[PDB]
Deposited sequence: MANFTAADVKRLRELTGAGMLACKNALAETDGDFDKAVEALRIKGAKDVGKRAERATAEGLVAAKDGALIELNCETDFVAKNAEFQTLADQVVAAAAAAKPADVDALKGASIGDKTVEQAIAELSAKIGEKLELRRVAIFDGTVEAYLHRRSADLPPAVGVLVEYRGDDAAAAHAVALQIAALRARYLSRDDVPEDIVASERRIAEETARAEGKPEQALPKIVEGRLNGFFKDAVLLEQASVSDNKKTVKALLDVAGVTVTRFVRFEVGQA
């Protein structure tokens, strides 16, 4: 302790949330000037956040506000259920909901208050000591239904679904959300399937005239929301039930932490 007290190190830690030793090092590095040391800790934080950039981020949560949906990732679920991480997520989704960002990099520079979303993440990352990633974002301008799903009761939601729609049967739209959340529908209608995925699946059926057509009738039933069997009643289909409801689905998305 060359030019400062130990109470000087407690305080510099209480303010930056950094590591006791890293704080002591920091102060002795500046020789007791306290302001330079705070900025000195910022430097190591940025180094250390870089060093763990190649790490994997398979735990976390998803967040929805006003037809914005985000997925924020960390390393362990201890961090995902920590209040400081959820508060960051709450902030970043609210950023996205208000600024309606085009892509993810748009949301990164959005303001969270006195710092951007990048800054707020990188700054929380350093205090925690885990990689943090804003993984994906989705904004729906229209009328939406959201459903957030917990895979473990005392964790944050790990599966999230936005469904943008036209209709007045509010419950009907929400019921679809479950159906997307549960059954991992990849496309809204038959037409939406890319033609180069249709060949990818018709070519696996050669490996395996009307046996090709059967497989695709099946894989269309798996991966198209309207061609799936309703979870409430598998006698009837998703599309069938919406028509009775008077509700049309314009588009939808489903995020799951760790999965694609």
Problem - Coordinate gaps, deposited numbering - result: 209 to 219
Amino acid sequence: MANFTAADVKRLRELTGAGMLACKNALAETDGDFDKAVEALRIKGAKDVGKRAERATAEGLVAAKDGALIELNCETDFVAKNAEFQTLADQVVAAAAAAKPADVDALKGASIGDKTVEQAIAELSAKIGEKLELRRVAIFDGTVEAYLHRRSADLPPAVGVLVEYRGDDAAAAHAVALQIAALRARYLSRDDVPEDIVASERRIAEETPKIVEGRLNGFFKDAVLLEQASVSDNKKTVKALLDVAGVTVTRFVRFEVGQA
From here on, numbers count along this sequence of modelled residues.
Fill in the blank from the handout: With B-factors read from the PDB entry, the higher C-alpha mean of 198 to 206 and 218 to 226 is in 198 to 206
Fill in the blank from the handout: With B-factors read from the PDB entry, the higher C-alpha mean of 65 to 73 and 38 to 46 is in 38 to 46
Problem - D168, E118, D154, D105, ranked by C-alpha B-factor: the highest one - result: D168
Exercise for the section: For the C-alpha B-factor as written in the entry, point me to the maximum among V257, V253, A2, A6. Expected result: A2
Problem - B-factor third for the C-alpha atom of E54 within its chain - result: middle
Fill in the blank from the handout: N82: CA temperature factor from the record, placed by chain third, in the lowest
Problem - Relative C-alpha B-factor of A172, binned into the chain's lowest, middle or highest third - result: highest
Exercise for the section: Place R190 in the lowest, middle or highest third of its chain's C-alpha B-factors, as listed in the PDB entry. Expected result: highest
